[PDB]
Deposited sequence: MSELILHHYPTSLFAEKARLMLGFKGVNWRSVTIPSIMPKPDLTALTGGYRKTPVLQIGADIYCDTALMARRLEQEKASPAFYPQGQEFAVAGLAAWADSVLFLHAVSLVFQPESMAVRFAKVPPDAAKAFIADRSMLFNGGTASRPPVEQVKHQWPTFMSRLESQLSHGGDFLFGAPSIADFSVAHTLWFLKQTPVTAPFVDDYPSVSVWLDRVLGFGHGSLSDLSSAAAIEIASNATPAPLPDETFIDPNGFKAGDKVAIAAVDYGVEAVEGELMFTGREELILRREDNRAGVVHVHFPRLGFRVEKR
């Protein structure tokens, strides 16, 4: 009931970073395969309706957003660190930038007919890569020296390019970049055991949610524990707020199959509204 459970579609390119993250942490995990097909009732039984995946379940706690997932893992196994001491702000920021701008570029490059506004993406790509090549040319192991969540965010974008002969040069034309990527990819996926989605529900149902964090925080919007709330990504999830924090929001819901569950959201990328 305290096992790390990942809800994902195993063949998806988009889910690769989460698996790599587990690989980096060297942990055992349970793999729950989710449907490509709508709807995904077994999944929303845990989520309350949030369907972007991967999702991480530990017992009766559900964690939404890979970015949040990274932090939760950090609580689970400190070492090696996603966020190395003294670089916390810098790492997160680079990681967020990669997750947005870099990722967008990479996917636009790959998913177009020539691989069998894109023009602006092509136009911008070289500056990003040349800058990466330049930093790497100095022989550092990782972007921040020591490995961090930022490597995975950048590495994930590059993984798409490596998929086809046509897109591979976008990474490969810069040699230093290529060696670095193999190093991040070399982390693996950890060790996984298949789990049914049915069982996953049963585990949540049996289990009791973890104790809330002791952090004291004043919500800039005056949201407080006990408030009835809905949270949505920028399918909203309805529930009772249990916590407001610098990094997370926790909401409580009861499900007919899964029972009482706590769903975690990061502040960033999510909006909270009253009801």
Open item on the list: Please give the gaps, as residue ranges numbered from 1 in the deposited sequence, where no C-alpha is present.
Closed with: 117-147, 266-269
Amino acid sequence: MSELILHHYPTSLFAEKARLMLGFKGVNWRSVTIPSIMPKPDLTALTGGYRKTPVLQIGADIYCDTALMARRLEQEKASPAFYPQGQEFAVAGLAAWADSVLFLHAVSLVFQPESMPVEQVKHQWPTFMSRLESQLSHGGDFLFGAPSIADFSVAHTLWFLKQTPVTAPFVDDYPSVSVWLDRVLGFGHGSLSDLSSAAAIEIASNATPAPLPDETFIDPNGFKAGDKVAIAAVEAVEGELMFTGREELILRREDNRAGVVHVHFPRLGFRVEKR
From here on, numbers count along this sequence of modelled residues.
Open item on the list: Regarding 193-201 and 136-144, which shows the higher C-alpha temperature factor on average in the entry?
Closed with: 136-144
- [ ] Compare the CA B factors listed in the entry for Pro126, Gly188, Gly93, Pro169 and report the winner.
- [x] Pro126
Open item on the list: What third of the chain does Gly59 rank in for C-alpha temperature factor, lowest, middle or highest?
Closed with: lowest
Task: Third of the chain, ranked by Cα B-factor, where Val101 sits - done: lowest
Open item on the list: By the recorded C-alpha temperature factor, relative to the other modelled residues in its chain, which third is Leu161 in?
Closed with: middle
Task: Chain-relative CA temperature factor third for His7 - done: lowest
- [ ] Using the B-factors in the PDB entry, rank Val229's C-alpha atom against the chain and give the third, lowest, middle or highest.
- [x] highest
